[PDB]
Every structure is written in C-alpha cells, then in structure tokens.
C-alpha cells in the first residue's frame, strides 16, 4: 500500500523536528535558500498566488478583509514582501529559524516597518491570537509538521480568523502516499491525505488550484483556500 500517515514514515518525532531545525539553520537567508536552489521560480509563484488570493477580495458578503495577514513558515519574508505587504495593512510572520527573521528586517526594507510581530517559534508550538487575521498564508512548510501537529495547527488557525477570513495552504503534493525526505526532514503528502487533514481540522475547501509553469522535475504544487 502507499502510506497514508506520518506515523508510518517518521521513526522518531523529536528527531524529525530536530533534524529539520538543524537543516534550516545552515541554509543561507536568501530567496534561493528559501526555494532550494529554485529562486528563479519566485515571480511565477507570486503572480499565481496573487491571482488566487484576489478571488477572495472582491466586494460582496463574503469579502476577505485586508487589515492583517499571517505568513507561516515565512523565512526571510519572500511572500510577505511581494504578495502580502502590498495588500494588507499589517502582516505578522512566524518561523522557526531566528536567522531568517533577523534577515527579514533587511530584506523587507521600508515596507517591512508594517510587519508587526516576528514570532520565532515552531508552528507546532504557535497559537495565533483569536480573531486576528484576514488571511493566514502557509506555504512550503506543512511537510514539516506531523499529521497530528498539522491538524491541531490548522484548528488554532481557524480560531484566529476574522469574519470572512481564509487560510491558504500552498505546497508540494505527492502523486500518491506520504513520502519522507530525510535530508530536510519533511514529508510530501498526496492530495487525498492533505484533504483528509483539512477535514479533520473542521475546515472546508473554497478553492484548489494546480501551480502552472513550474520545471518538469519538481513535485507538483497546489494551493487550497479554506475556511
């Protein structure tokens, strides 16, 4: 069978997290470090993310607001800089790697003065303030959490949404199963697994979209908008 949960592939959860922390600690605080050598795809990524988000910003009963966003596993703030700060009055960042948050303050420049909180914490230990965010953006990090921590984190995120708020997950998806990468200490899950986890967190799908124009050799990437 393919594997369907992280408990089938993670030998030692403390080591799964410690190894990941050690891996990111020796990556340079640059876009290419964030994107694993694929820094050149950033603009394609941000353009598609922007179009996806703008679906939820149109006027109407369910319009997502534009006061505050949370960037989860934000790194140096690639997404905060080019996608979120232009659209949200304030942005909070959370990441496990202190060096990245320190570099963010340089990387983000003057606009970075609208970053309110820089939280240096693992997602598995982070509880966002209730009723605080219009958008919670979670990109290229969910693979770093166990199934139980991911489900729990998505529940706490749900409790921190403002009225009409949404959660966006954008990540690599496996063709089938749950695949361990033992170098960066992360998993890649298939769409059925990810959807199962979203549902277990009491969330529903508003939209799902495949990222186009990526290099042929990398994992497929999908975006989900949730509430």
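Positions refer to the first chain, counted from 1.
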- request: Look up the CA B-factors in the entry and say which stretch, 97-105 or 119-127, has the higher mean.
  value: 97-105
query: Hey, which bit's got the bigger mean C-alpha B factor in the entry, 106-114 or 76-84?
result: 106-114
- request: Determine which member of 55, 195, 170, 189 has the highest CA B-factor, using the values in the deposited entry.
  value: 55
query: Out of 64, 200, 30, 49, which residue has the highest Cα temperature factor in the PDB record?
result: 30
- request: Determine, from the deposited record, the chain-internal third of the Cα B-factor for residue 7: lowest, middle or highest.
  value: middle
- line: So, residue 36's CA B-factor, relative to its chain, sits in which third? The highest
- request: Relative to the other modelled residues of the same chain, rank the CA B-factor of residue 68 and answer lowest, middle or highest third.
  value: middle
- line: Entry-reported C-alpha B-factor of residue 180 relative to its chain, by third, is middle
message: Taking only the Cα B-factors deposited for this chain, tell me whether residue 1 sits in the lowest, middle or highest third.
response: highest
